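A.B. asks: Need coordinates for the below:
(chains A, B, C and D, ligands or ions: 8)
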There are 4 protein chains.
Amino acid sequence: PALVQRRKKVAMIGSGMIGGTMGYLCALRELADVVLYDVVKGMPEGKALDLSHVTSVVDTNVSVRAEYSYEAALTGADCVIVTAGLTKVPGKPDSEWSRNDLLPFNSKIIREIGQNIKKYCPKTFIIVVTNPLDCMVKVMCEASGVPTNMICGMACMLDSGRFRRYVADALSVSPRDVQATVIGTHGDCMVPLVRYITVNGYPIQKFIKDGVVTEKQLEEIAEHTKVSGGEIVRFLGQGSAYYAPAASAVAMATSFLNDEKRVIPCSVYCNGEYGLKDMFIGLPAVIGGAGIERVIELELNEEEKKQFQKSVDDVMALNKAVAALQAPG
Amino acid sequence: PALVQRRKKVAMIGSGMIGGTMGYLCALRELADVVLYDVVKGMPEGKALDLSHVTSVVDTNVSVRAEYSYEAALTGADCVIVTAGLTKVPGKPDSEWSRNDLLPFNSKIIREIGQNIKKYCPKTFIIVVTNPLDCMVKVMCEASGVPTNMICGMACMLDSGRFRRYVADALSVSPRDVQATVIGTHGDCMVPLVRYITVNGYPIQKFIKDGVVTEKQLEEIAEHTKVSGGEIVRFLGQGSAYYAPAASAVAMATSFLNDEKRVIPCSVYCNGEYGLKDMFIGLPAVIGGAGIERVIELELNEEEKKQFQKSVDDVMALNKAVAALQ
Amino acid sequence: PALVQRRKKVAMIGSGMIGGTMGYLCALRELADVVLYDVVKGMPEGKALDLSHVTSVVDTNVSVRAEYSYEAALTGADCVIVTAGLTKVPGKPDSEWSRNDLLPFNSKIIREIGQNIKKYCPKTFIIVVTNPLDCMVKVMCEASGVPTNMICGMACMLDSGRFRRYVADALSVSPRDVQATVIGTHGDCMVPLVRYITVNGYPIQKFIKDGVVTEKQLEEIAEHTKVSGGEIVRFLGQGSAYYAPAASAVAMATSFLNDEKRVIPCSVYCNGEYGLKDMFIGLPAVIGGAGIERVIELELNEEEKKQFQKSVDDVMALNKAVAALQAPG
Amino acid sequence: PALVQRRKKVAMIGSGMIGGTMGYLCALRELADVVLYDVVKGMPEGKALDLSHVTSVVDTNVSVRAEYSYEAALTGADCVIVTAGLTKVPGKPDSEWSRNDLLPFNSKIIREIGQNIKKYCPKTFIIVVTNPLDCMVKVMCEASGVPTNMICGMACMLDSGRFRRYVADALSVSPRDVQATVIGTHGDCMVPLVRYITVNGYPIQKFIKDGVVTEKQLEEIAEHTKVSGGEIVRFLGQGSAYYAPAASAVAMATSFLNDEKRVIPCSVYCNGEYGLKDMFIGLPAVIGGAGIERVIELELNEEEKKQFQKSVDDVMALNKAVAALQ
Ligand SMILES: NC(=O)c1ccc[n+]([C@@H]2O[C@H](COP(=O)([O-])OP(=O)(O)OC[C@H]3O[C@@H](n4cnc5c(N)ncnc54)[C@H](O)[C@@H]3O)[C@@H](O)[C@H]2O)c1
Ligand SMILES: NC(=O)c1ccc[n+]([C@@H]2O[C@H](COP(=O)([O-])OP(=O)(O)OC[C@H]3O[C@@H](n4cnc5c(N)ncnc54)[C@H](O)[C@@H]3O)[C@@H](O)[C@H]2O)c1
Ligand SMILES: NC(=O)c1ccc[n+]([C@@H]2O[C@H](COP(=O)([O-])OP(=O)(O)OC[C@H]3O[C@@H](n4cnc5c(N)ncnc54)[C@H](O)[C@@H]3O)[C@@H](O)[C@H]2O)c1
Ligand SMILES: NC(=O)c1ccc[n+]([C@@H]2O[C@H](COP(=O)([O-])OP(=O)(O)OC[C@H]3O[C@@H](n4cnc5c(N)ncnc54)[C@H](O)[C@@H]3O)[C@@H](O)[C@H]2O)c1
Ligand SMILES: O=C([O-])C(=O)[O-]
Ligand SMILES: O=C([O-])C(=O)[O-]
Ligand SMILES: O=C([O-])C(=O)[O-]
Ligand SMILES: O=C([O-])C(=O)[O-]
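C.D. replies: Numbering: from 1, shown residues only, chains lettered A, B, ... in the order given. Ligands and ions are numbered 1, 2, ... in the order given. There you are, the coordinates:
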């Protein structure tokens, strides 16, 4: 009766919209046992019950449980996906929504979760989702102490997914066959690489020359990509996007758990790439069973480097501020 | 280039928790193009954008769009799934939650949607979700005018899914291999058929004799099944269940769209079964390309007949109630 | 960095029709890295290349490789699926095809593979497919020395699958919703349990009473089920069934690898069930991460017991003959 | 009663290794009802039975049947995939295997099938597989008379798949994220476009500079790609590749049936691309619910043009050869 093949276990630290949605993907695909942890009592248990019922409906078998302590939620977790935190600053108008405004509200939460991971599952792969993304990934890395290849932040796959959908619609092709990437920080300074867009590897410039799309059209698509998060915040009225953020985070977790080696841009540790040190920023990377196995350095032209450098300069400033204000404990 | 193969189209009338979740399943599986319709302005556009983004992330290609008029939402819909309505009575305590109290509020919404379906997509397959379920399916049938095999209500597959998950846990087996059914009205009077539970077709009785599960334990599972909706309502604090309800409605929609002929209990039109006529109640059925293709009239023991009659009394009282309101 | 999440590995010992087809299912679903091994050289390498190409076409990433030695094929295998052996006896009419005639040819092959599993992956989960199935599972158990819960033979899921397809067709329902089971040995004495058939747990007797199907039709379906293997052998002309046998063996492996705990009838070790000891025979069982986690004992009626006893007495006779004829070493 | 949603139907004309394998994919994914047709009697019924058994095993519900006549096999087919024909010349040594030699044997089989499609399912989407591919698609177009956007040949997705797998291995990434394309004639003169290789849209050139792979290695990969079909023929001893060929044809059929609009290189009708007219050759195309929806005409450098002209010369000689025969 000795267990030989144990199911993978993914812990959702934060069981709000994105956390619950990721639990749903795990149950739908029989990807792994799921634990839902939140500081709000009762709600995780209700969602865990609902998700457990999904397994019967779609004929899968994984365990979905709510846990109220960090130890019970984190022990044995192959992967930890962190969404705990605020989405909007209370009282501010949707018109002024800014992810950076979340910094003083979420930095302590993320640091605390990191300290618990260090204790309960130091060998886990951490995927941070909480905003402001790139700053939070660095806080998590420092607090959790895991090797730099075992921590990353989900964002660029989401921004790139938006970018891809818009291009797919313009070209009337499946997004599967649009490769479009956003690098940089997850915010107003993100960089949609219009120059790099390909359709099954064929350069977008050919479609322009051939009259399928225009330069302005692509420029508007890049701008739409940049403001997509806020666009959804304004339409929804309460909360922010969750369906695609969840699918992106789970796609990254699956590349790790199944050692797929997919090339997914995400917030990763920099050790010389693009000339950066001791910081995390959105870049193309390969995700496999050894975590972040490669960080891809793209050749940036004049204007791209300029936009990317802006995003770097900003996040370094925020990272300094966060460090200056970190609680001694 | 003339379009020869058109994607199926599913309209979610109601884009709250369950409507958005069903749209997610369609995008995740490339099942069909999706239209999100709701009375609340803005929110459906937000969810449609989010869902359209999902198609790139998971490499599928379906169109997800918000539409604010019945005409744009309903035209061309192969299947219409209706979740529009309230989940709880405003100002009422969680301990006092009752699907039956939703009648006064959701009755006119359902009737209006059916009138529009009659006008814009009379050939569609209708799946109702809005509570009080069995009552709302009848309202929808009367307002929409569709053939009786082309409308049903999602409820029993969810109730059965709960029943199956609890039994699966007790037996330590995959719920894929637990066949357990709930029939009757989706409410306090639903009827979990303990006697009919099977494990890959093997009678639960032998597992009781073998000591894997006890009779008292099965009775507790049936009771838990009955109050599982209210249990989630209380735990959540706001709203009600949505993940399993959406997966159940989509499973039904898929059996229709792909003519799978799955055996799925749902609220179906009674043509004399159990002596019932002109009403909808949860029964085991087969869903295929022609809609409800079979309705199973299981033999009930004394206790089941008694519970089923209470289920029947519940739905007839609700239908009487709407009648006083129509 | 160091690999933290390794892909599962399944070794197909025998790369003929069924072995290559199971390799195909693994590649298609990204289930596990695949190793193809065969005594015939050249062929496994051709199929491994073909299968490696499939991964690109269907966007998955697993390694499919041919291995020439037992050591290279078996080392590190989470599950080993054995199809090595003959399907038909040379120069013999299809009208006379019999799985028992293979006994003298396949006993030695199965014994040798088992001795190599013992050497190279004694902790693996073994799924035997090679005919005559129930006899070969016992030879494999003895030779490999693995715990009795870590070995089973694939047959009843296929026989039950045939049974279910015929019933599904008679009732016009999806076979997902037909629970029909065949127990006993994989051959002319198998026992399709007509009395136990259910449609989503509803007794088949209800459908007979309703006028949808008759007892006579059901008995004809049981007979068809029994002769389905020979029916395909005669239609194909060369070889035997492989699409469904492969799908059945991989479903069983998946239930093990993902600890699904599916209830799948298969040839399993009996230590008291149905009154049998020290032998393998087709029975309903639960397959999970600990291997065969439960052997289900059905309450059989007088006639069912008689049909099952015939199958038991028969396989006990073949097993004794095999033991009698075995080389001391 | 009346069926509203009918399952898709795909007819495999030719039920050997590739035809049976595509049927397997249909049953495995519940993609469509399947018909297996072949000149060989018995075998198709054997595989149809085997495949029908698969549906139960994997919990799907599609109908798999063998059909004796063209009329029964073709009537109602949404898509027809043709693999009928020989794989190698009887008595010819494996070291002398050439798709071009199959011409005299397969051209008549393909013309006959084409005439039958015109008769029984003129509105179907035709995917030809039979070698020598580009030539056989032309034979099929002429005989079947279908709209130019409703016929294509599967080959370059397979050749590109090979190309992508080798590059994926060299780079240590999933082939999902390698975009590599082979255009031209499916034979020794096919053109793997090394310059157009991308890793999730990132130019392969930077990977060369980063030392992940060398130019010499990419060139050896391009050569391996060209001779992969023969490599497999040699290793197998009998017959040729069938798992990836089947997956490639079904992926094409799926993009058509669900109107996915995937960009898949395949043999398509030329209306002037590269000055090519009245012939089929492998080019990047968009396959959707209206069949071939766009043909992409990439800018080629000097070397690519040289290699593509040899590809063009190859199929033009074959088409001239067929013309002389029938
Ligand atoms: N990186 C991206 O691409 C991306 C995209 C969308 C949203 N986000 C961010 O992800 C986060 C979660 O979004 P959401 O929609 O799930 O939000 P949500 O409000 O629905 O849920 C956040 C959850 O975290 C919980 N929480 C708060 N403090 C906690 C603590 N100390 N410990 C444990 N749980 C705690 C809350 O109780 C709540 O249940 C936000 O910061 C949001 O801005 C990031
Ligand atoms: N049958 C079942 O098994 C089952 C299970 C759970 C919930 N339900 C019921 O399903 C319904 C939906 O639940 P939910 O969680 O999605 O609720 P929800 O509150 O999230 O959304 C209901 C949505 O319908 C909208 N709406 C209201 N009036 C409308 C109208 N006239 N036209 C279009 N949209 C309108 C609301 O604005 C809201 O967005 C409720 O009635 C709930 O009780 C049924
Ligand atoms: N249990 C079941 O339900 C079931 C169903 C169908 C077939 N089978 C049996 O499964 C087996 C395989 O069927 P198949 O269609 O794949 O046959 P196949 O002839 O296509 O392939 C069997 C393969 O095993 C190889 N082989 C022979 N001796 C070997 C050895 N010593 N070591 C390694 N490989 C060796 C052969 O070279 C050949 O490639 C047969 O015994 C068949 O009767 C069982
Ligand atoms: N385009 C590509 O990329 C590609 C790749 C591999 C193989 N192929 C080709 O595909 C074809 C099929 O390969 P396979 O592996 O399935 O071969 P196979 O020999 O297994 O099957 C060919 C089948 O066609 C049948 N057939 C012959 N004449 C027929 C006729 N007049 N009508 C109906 N059926 C007839 C045969 O009886 C046989 O069952 C071959 O021509 C092969 O060269 C193409
Ligand atoms: O971060 C966000 O809220 C987003 O982009 O969806
Ligand atoms: O109807 C309900 O709210 C339920 O059962 O989930
Ligand atoms: O054993 C067999 O060959 C079968 O049943 O397919
Ligand atoms: O056409 C072929 O045989 C091939 O390329 O596999």
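A.B. asks: And the residue of chain A that's closest to ligand 4?
C.D. replies: Residue of chain A nearest ligand 4, by Cβ to the nearest ligand atom: residue A:200 (18.4 Å). In short, each C-beta sits where N, CA and C put it, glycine included.
A.B. asks: can you map out the helices along the stretch 151-300 of chain A?
C.D. replies: Secondary structure of the stretch 151-300 of chain A (DSSP state H, counting those that start in this stretch): helices located at A:156-171, A:204-209, A:215-236, A:243-257.
A.B. asks: I'd like the distance between the residue in chain A that ligand 3 sits nearest to and chain D.
C.D. replies: Residue of chain A nearest ligand 3, by Cβ to the nearest ligand atom: residue A:5 (22.7 Å). Per Cβ to the nearest Cβ, to the nearest Å, residue A:5 is found 21 Å from chain D.
A.B. asks: got the contact list for that residue?
C.D. replies: Residues near residue A:5 by Cβ atoms under 8 Å, 6 or more residues apart in numbering or on different chains: C:8, C:78, C:125, C:256-259, C:289.
A.B. asks: Tell me how far it lies from ligand 7.
C.D. replies: Using Cβ to the nearest ligand atom, to the nearest Å, residue A:5 is found at 27 Å from ligand 7.
A.B. asks: Using the three-state scheme, assign that residue.
C.D. replies: Three-state assignment for residue A:5 (DSSP: H, G, I helix; E, B strand; the rest coil): coil.
A.B. asks: leaving aside the residues next to it on the chain, what's closest to residue A:215?
C.D. replies: The spatial neighbour of residue A:215 that comes closest, neighbours along the chain excluded (Cβ to Cβ, 6 or more residues apart in numbering or on different chains), is residue A:208 at 6.3 Å.
A.B. asks: Can you give me the domain boundaries for chain A?
C.D. replies: For chain A, the structural domains run A:1-153, A:154-329, going by curated CATH domains.
A.B. asks: Among those domains, single out whichever gets nearest to residue C:318.
C.D. replies: domain A:1-153 (30.1 Å; Cβ to Cβ).
A.B. asks: Give me the distance between the two termini of the closest one.
C.D. replies: This stretch, domain A:1-153, spans 39 Å end to end (Cα to Cα, to the nearest Å).
A.B. asks: right, is that domain up against ligand 1?
C.D. replies: Yes. Judged by Cβ under 6 Å from any ligand atom, domain A:1-153 and ligand 1 are in contact via A:14-19, A:38-40, A:83-87, A:102, A:106, A:109, A:129-131, A:133.
A.B. asks: picking that back up, what's the spacing between the residue of chain A closest to ligand 3 and residue C:65?
C.D. replies: According to Cβ to Cβ, to the nearest Å, residue A:5 stands 22 Å off from residue C:65.
A.B. asks: does residue A:18 really touch residue A:245, like I thought?
C.D. replies: Yes. Taking contacts as Cβ atoms under 8 Å, residue A:18 lies within contact range of residue A:245: 5.2 Å.
A.B. asks: can I get the helices of the stretch 151-300 of chain A in a markdown table with distance to residue C:284?
C.D. replies: Listed next are these as a markdown table, based on distance: least, Cβ to Cβ, whole Å:
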| stretch | distance to residue C:284 |
| --- | --- |
| helix A:156-171 | 44 |
| helix A:204-209 | 57 |
| helix A:215-236 | 50 |
| helix A:243-257 | 31 |
